[PDB]
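Notes follow once the structure below has been shown.
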Amino acid sequence: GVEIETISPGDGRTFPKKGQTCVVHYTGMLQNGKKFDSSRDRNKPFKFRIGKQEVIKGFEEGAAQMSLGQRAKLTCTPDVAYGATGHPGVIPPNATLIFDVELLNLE
Ligand SMILES: CO[C@H]1C[C@@H]2CC[C@@H](C)[C@@](O)(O2)C(=O)C(=O)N2CCCC[C@H]2C(=O)O[C@H]([C@H](C)C[C@@H]2CC[C@@H](O)[C@H](OC)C2)CC(=O)[C@H](C)/C=C(\C)[C@@H](O)[C@@H](OC)C(=O)[C@H](C)C[C@H](C)/C=C/C=C/C=C/1C
């Protein structure tokens, strides 16, 4: 599943609600591998709708349990990421992914 290790605490009370749009900054990295993406490196926050299955389960489940302003390291096992299939040319099969995520705003 997804494990959370807080980097910076949030307000501890404002969590993503159904339908809301999460505004996040993230950096993705293969466990014991290379970084493959960074919204911070291109200075451009990433947005996605909660509960609309727009992003892998682990990323959404991680964000869903974070409060406004919180930043955390998410460790996602393959079953809540890209599984046995992986992501063509970027994420190999059975890859555990590490995501440094910061919940910047809720829209
Ligand atoms: C160049 O950058 C890519 C993102 C890259 C691709 C490669 C991966 C390593 C990665 O580097 O992101 C990455 O770090 C990553 O794994 N991410 C992105 C951050 C959130 C977590 C994860 C993810 O779920 O990606 C996503 C993963 C790859 C695919 C999804 C996984 C969950 C599953 O339920 C979905 O349906 C099967 C598909 C990519 C996204 O976050 C983008 C935003 C979303 C989608 C494509 C789908 O939700 C789609 O559904 C039709 C939509 O509703 C969108 C809005 C429609 C419009 C036209 C498409 C825009 C495409 C934008 C693509 C972007 C910015």
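Scheme for the structure tokens: letters A, B, ... for chains in order shown; per-chain residue numbers from 1; ligand numbers from 1 in order shown.
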
(message) Please find the residues contacting ligand 1 at a distance of at most 6 Å between atoms, with only C-alpha atoms and all ligand atoms counted, and report them as a VMD selection string.
(response) chain A and resid 28 36 to 37 53 to 56 59 90

Looking only at strand (DSSP E) from DSSP on the backbone, list the matching residues of chain A as a PDB file with N, CA and C atoms, in the first residue's frame.
```
ATOM      1  N   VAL A   2       0.362   2.317   0.604  1.00  0.00           N
ATOM      2  CA  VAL A   2       1.106   3.566   0.674  1.00  0.00           C
ATOM      3  C   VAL A   2       1.450   3.884   2.119  1.00  0.00           C
ATOM      4  N   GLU A   3       2.719   4.187   2.367  1.00  0.00           N
ATOM      5  CA  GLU A   3       3.174   4.554   3.701  1.00  0.00           C
ATOM      6  C   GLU A   3       3.558   6.025   3.651  1.00  0.00           C
ATOM      7  N   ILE A   4       3.275   6.742   4.732  1.00  0.00           N
ATOM      8  CA  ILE A   4       3.549   8.168   4.813  1.00  0.00           C
ATOM      9  C   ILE A   4       4.554   8.512   5.909  1.00  0.00           C
ATOM     10  N   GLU A   5       5.537   9.336   5.561  1.00  0.00           N
ATOM     11  CA  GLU A   5       6.530   9.819   6.518  1.00  0.00           C
ATOM     12  C   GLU A   5       6.509  11.323   6.317  1.00  0.00           C
ATOM     13  N   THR A   6       5.985  12.039   7.302  1.00  0.00           N
ATOM     14  CA  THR A   6       5.876  13.485   7.208  1.00  0.00           C
ATOM     15  C   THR A   6       7.203  14.226   7.108  1.00  0.00           C
ATOM     16  N   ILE A   7       7.250  15.170   6.176  1.00  0.00           N
ATOM     17  CA  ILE A   7       8.425  16.001   5.953  1.00  0.00           C
ATOM     18  C   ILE A   7       8.188  17.312   6.701  1.00  0.00           C
ATOM     19  N   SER A   8       6.988  17.854   6.525  1.00  0.00           N
ATOM     20  CA  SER A   8       6.561  19.085   7.186  1.00  0.00           C
ATOM     21  C   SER A   8       5.092  18.865   7.506  1.00  0.00           C
ATOM     22  N   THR A  21     -10.103  19.776  -5.822  1.00  0.00           N
ATOM     23  CA  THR A  21      -8.933  19.659  -6.677  1.00  0.00           C
ATOM     24  C   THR A  21      -7.705  19.909  -5.818  1.00  0.00           C
ATOM     25  N   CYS A  22      -6.832  18.911  -5.740  1.00  0.00           N
ATOM     26  CA  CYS A  22      -5.616  19.041  -4.955  1.00  0.00           C
ATOM     27  C   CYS A  22      -4.537  19.744  -5.764  1.00  0.00           C
ATOM     28  N   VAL A  23      -3.889  20.724  -5.145  1.00  0.00           N
ATOM     29  CA  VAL A  23      -2.797  21.439  -5.790  1.00  0.00           C
ATOM     30  C   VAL A  23      -1.572  20.959  -5.032  1.00  0.00           C
ATOM     31  N   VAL A  24      -0.702  20.252  -5.737  1.00  0.00           N
ATOM     32  CA  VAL A  24       0.481  19.676  -5.123  1.00  0.00           C
ATOM     33  C   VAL A  24       1.776  19.903  -5.893  1.00  0.00           C
ATOM     34  N   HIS A  25       2.886  19.750  -5.181  1.00  0.00           N
ATOM     35  CA  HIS A  25       4.202  19.809  -5.783  1.00  0.00           C
ATOM     36  C   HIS A  25       4.735  18.414  -5.474  1.00  0.00           C
ATOM     37  N   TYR A  26       5.385  17.775  -6.435  1.00  0.00           N
ATOM     38  CA  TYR A  26       5.892  16.438  -6.183  1.00  0.00           C
ATOM     39  C   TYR A  26       7.175  16.138  -6.940  1.00  0.00           C
ATOM     40  N   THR A  27       7.860  15.102  -6.477  1.00  0.00           N
ATOM     41  CA  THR A  27       9.087  14.611  -7.076  1.00  0.00           C
ATOM     42  C   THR A  27       8.931  13.100  -6.972  1.00  0.00           C
ATOM     43  N   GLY A  28       9.022  12.421  -8.111  1.00  0.00           N
ATOM     44  CA  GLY A  28       8.870  10.976  -8.127  1.00  0.00           C
ATOM     45  C   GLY A  28      10.194  10.286  -8.349  1.00  0.00           C
ATOM     46  N   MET A  29      10.401   9.187  -7.640  1.00  0.00           N
ATOM     47  CA  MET A  29      11.653   8.459  -7.742  1.00  0.00           C
ATOM     48  C   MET A  29      11.434   6.962  -7.564  1.00  0.00           C
ATOM     49  N   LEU A  30      12.183   6.157  -8.307  1.00  0.00           N
ATOM     50  CA  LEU A  30      12.079   4.707  -8.178  1.00  0.00           C
ATOM     51  C   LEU A  30      12.809   4.337  -6.892  1.00  0.00           C
ATOM     52  N   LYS A  35      15.320   9.536 -10.038  1.00  0.00           N
ATOM     53  CA  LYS A  35      14.150  10.398  -9.969  1.00  0.00           C
ATOM     54  C   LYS A  35      13.645  10.413 -11.408  1.00  0.00           C
ATOM     55  N   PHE A  36      12.335  10.320 -11.601  1.00  0.00           N
ATOM     56  CA  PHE A  36      11.792  10.298 -12.955  1.00  0.00           C
ATOM     57  C   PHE A  36      10.901  11.487 -13.285  1.00  0.00           C
ATOM     58  N   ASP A  37      10.531  12.265 -12.274  1.00  0.00           N
ATOM     59  CA  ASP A  37       9.683  13.423 -12.514  1.00  0.00           C
ATOM     60  C   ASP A  37       9.728  14.385 -11.334  1.00  0.00           C
ATOM     61  N   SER A  38       9.560  15.670 -11.625  1.00  0.00           N
ATOM     62  CA  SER A  38       9.574  16.687 -10.584  1.00  0.00           C
ATOM     63  C   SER A  38       8.804  17.924 -11.018  1.00  0.00           C
ATOM     64  N   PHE A  46       1.112  20.679  -9.614  1.00  0.00           N
ATOM     65  CA  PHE A  46       0.314  19.652 -10.274  1.00  0.00           C
ATOM     66  C   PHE A  46      -1.081  19.604  -9.640  1.00  0.00           C
ATOM     67  N   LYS A  47      -2.118  19.530 -10.469  1.00  0.00           N
ATOM     68  CA  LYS A  47      -3.487  19.477  -9.957  1.00  0.00           C
ATOM     69  C   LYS A  47      -4.216  18.218 -10.412  1.00  0.00           C
ATOM     70  N   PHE A  48      -5.077  17.694  -9.547  1.00  0.00           N
ATOM     71  CA  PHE A  48      -5.872  16.517  -9.877  1.00  0.00           C
ATOM     72  C   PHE A  48      -7.094  16.467  -8.977  1.00  0.00           C
ATOM     73  N   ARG A  49      -8.167  15.876  -9.494  1.00  0.00           N
ATOM     74  CA  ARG A  49      -9.435  15.757  -8.776  1.00  0.00           C
ATOM     75  C   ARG A  49      -9.500  14.506  -7.906  1.00  0.00           C
ATOM     76  N   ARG A  71       3.604  18.147   3.919  1.00  0.00           N
ATOM     77  CA  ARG A  71       4.543  17.629   2.932  1.00  0.00           C
ATOM     78  C   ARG A  71       4.999  16.290   3.479  1.00  0.00           C
ATOM     79  N   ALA A  72       5.007  15.270   2.633  1.00  0.00           N
ATOM     80  CA  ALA A  72       5.401  13.964   3.107  1.00  0.00           C
ATOM     81  C   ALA A  72       6.020  13.101   2.031  1.00  0.00           C
ATOM     82  N   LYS A  73       6.742  12.087   2.484  1.00  0.00           N
ATOM     83  CA  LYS A  73       7.381  11.125   1.605  1.00  0.00           C
ATOM     84  C   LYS A  73       6.400   9.961   1.488  1.00  0.00           C
ATOM     85  N   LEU A  74       5.967   9.649   0.268  1.00  0.00           N
ATOM     86  CA  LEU A  74       5.039   8.540   0.088  1.00  0.00           C
ATOM     87  C   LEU A  74       5.770   7.361  -0.530  1.00  0.00           C
ATOM     88  N   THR A  75       5.617   6.190   0.073  1.00  0.00           N
ATOM     89  CA  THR A  75       6.231   4.998  -0.477  1.00  0.00           C
ATOM     90  C   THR A  75       5.064   4.154  -0.965  1.00  0.00           C
ATOM     91  N   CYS A  76       5.009   3.948  -2.276  1.00  0.00           N
ATOM     92  CA  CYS A  76       3.926   3.200  -2.896  1.00  0.00           C
ATOM     93  C   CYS A  76       4.375   1.868  -3.487  1.00  0.00           C
ATOM     94  N   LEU A  97       7.378   2.899  -5.778  1.00  0.00           N
ATOM     95  CA  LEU A  97       7.681   4.298  -6.067  1.00  0.00           C
ATOM     96  C   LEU A  97       7.724   5.192  -4.843  1.00  0.00           C
ATOM     97  N   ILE A  98       8.612   6.178  -4.881  1.00  0.00           N
ATOM     98  CA  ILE A  98       8.745   7.133  -3.792  1.00  0.00           C
ATOM     99  C   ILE A  98       8.325   8.490  -4.322  1.00  0.00           C
ATOM    100  N   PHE A  99       7.382   9.132  -3.633  1.00  0.00           N
ATOM    101  CA  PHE A  99       6.890  10.451  -4.027  1.00  0.00           C
ATOM    102  C   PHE A  99       6.985  11.441  -2.871  1.00  0.00           C
ATOM    103  N   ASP A 100       7.694  12.547  -3.089  1.00  0.00           N
ATOM    104  CA  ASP A 100       7.820  13.611  -2.089  1.00  0.00           C
ATOM    105  C   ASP A 100       6.683  14.542  -2.499  1.00  0.00           C
ATOM    106  N   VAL A 101       5.617  14.564  -1.707  1.00  0.00           N
ATOM    107  CA  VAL A 101       4.435  15.363  -2.025  1.00  0.00           C
ATOM    108  C   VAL A 101       4.112  16.464  -1.018  1.00  0.00           C
ATOM    109  N   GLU A 102       3.769  17.643  -1.528  1.00  0.00           N
ATOM    110  CA  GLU A 102       3.394  18.767  -0.669  1.00  0.00           C
ATOM    111  C   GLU A 102       2.004  19.270  -1.075  1.00  0.00           C
ATOM    112  N   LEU A 103       1.041  19.178  -0.154  1.00  0.00           N
ATOM    113  CA  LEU A 103      -0.324  19.620  -0.421  1.00  0.00           C
ATOM    114  C   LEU A 103      -0.378  21.131  -0.232  1.00  0.00           C
ATOM    115  N   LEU A 104      -0.233  21.848  -1.336  1.00  0.00           N
ATOM    116  CA  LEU A 104      -0.208  23.303  -1.327  1.00  0.00           C
ATOM    117  C   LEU A 104      -1.554  23.991  -1.148  1.00  0.00           C
ATOM    118  N   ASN A 105      -2.569  23.508  -1.853  1.00  0.00           N
ATOM    119  CA  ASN A 105      -3.872  24.142  -1.769  1.00  0.00           C
ATOM    120  C   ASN A 105      -4.971  23.175  -2.176  1.00  0.00           C
ATOM    121  N   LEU A 106      -6.208  23.538  -1.853  1.00  0.00           N
ATOM    122  CA  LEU A 106      -7.376  22.738  -2.197  1.00  0.00           C
ATOM    123  C   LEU A 106      -8.361  23.653  -2.914  1.00  0.00           C
TER     124      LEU A 106
END
```

(request) Excluding segment 14-17 of chain A and residues on its chain fewer than 6 positions from it, collect all residues at most 8 Å away from it, counting only C-alpha atoms, and give them as a PyMOL selection string. (result) chain A and resi 50+63-68+106

Include C-alpha atoms and write out the residues we just selected as a compact mmCIF listing (two decimals), in the first residue's frame.
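out.txt, freshly written:
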```
# COMPACT_ATOMS: atom_id res chain seq x y z
CA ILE A 50 -9.98 13.61 -5.69
CA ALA A 63 -2.79 12.97 -0.60
CA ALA A 64 -6.21 12.10 0.81
CA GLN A 65 -4.70 11.52 4.26
CA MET A 66 -2.63 14.72 4.27
CA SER A 67 -3.80 18.06 5.68
CA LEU A 68 -3.38 21.48 4.06
CA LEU A 106 -7.38 22.74 -2.20
```

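Using only C-alpha atoms, the shortest contact distance between residue 57 of chain A and any of A:1, A:93, A:40, A:19 is found at A:1.
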
Per DSSP on the backbone, filter segment 45-90 of chain A down to the residues in alpha helix (DSSP H) and report them as an mmCIF file with N, CA and C atoms, in the first residue's frame.
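Written out: part.cif:
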```cif
data_model
loop_
_atom_site.group_PDB
_atom_site.id
_atom_site.type_symbol
_atom_site.label_atom_id
_atom_site.label_comp_id
_atom_site.auth_asym_id
_atom_site.auth_seq_id
_atom_site.Cartn_x
_atom_site.Cartn_y
_atom_site.Cartn_z
ATOM 1 N N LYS A 57 -3.520 4.943 -7.504
ATOM 2 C CA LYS A 57 -4.102 4.834 -6.167
ATOM 3 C C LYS A 57 -3.231 5.316 -5.021
ATOM 4 N N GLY A 58 -1.970 4.892 -5.021
ATOM 5 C CA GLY A 58 -1.062 5.281 -3.962
ATOM 6 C C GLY A 58 -0.852 6.775 -3.803
ATOM 7 N N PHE A 59 -0.812 7.491 -4.920
ATOM 8 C CA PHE A 59 -0.601 8.930 -4.890
ATOM 9 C C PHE A 59 -1.850 9.606 -4.330
ATOM 10 N N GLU A 60 -3.020 9.183 -4.799
ATOM 11 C CA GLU A 60 -4.264 9.769 -4.318
ATOM 12 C C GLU A 60 -4.539 9.413 -2.857
ATOM 13 N N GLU A 61 -4.308 8.157 -2.481
ATOM 14 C CA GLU A 61 -4.543 7.752 -1.100
ATOM 15 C C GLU A 61 -3.595 8.492 -0.163
ATOM 16 N N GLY A 62 -2.393 8.782 -0.648
ATOM 17 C CA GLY A 62 -1.441 9.504 0.171
ATOM 18 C C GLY A 62 -1.936 10.922 0.407
ATOM 19 N N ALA A 63 -2.308 11.592 -0.678
ATOM 20 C CA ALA A 63 -2.790 12.966 -0.600
ATOM 21 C C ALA A 63 -4.059 13.078 0.230
ATOM 22 N N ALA A 64 -4.944 12.095 0.084
ATOM 23 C CA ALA A 64 -6.207 12.096 0.806
ATOM 24 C C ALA A 64 -6.029 12.117 2.322
#
```

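Separating atom CA of residue 31 of chain A from atom CA of residue 11 of chain A is a distance of 28.7 Å.
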
(request) Return the single residue from A:69, A:92, A:33, A:78 that is closest to residue 9 of chain A, with distances computed using only C-alpha atoms. (result) A:69

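Atom CA of residue 96 of chain A is positioned 10.8 Å from atom CA of residue 84 of chain A.
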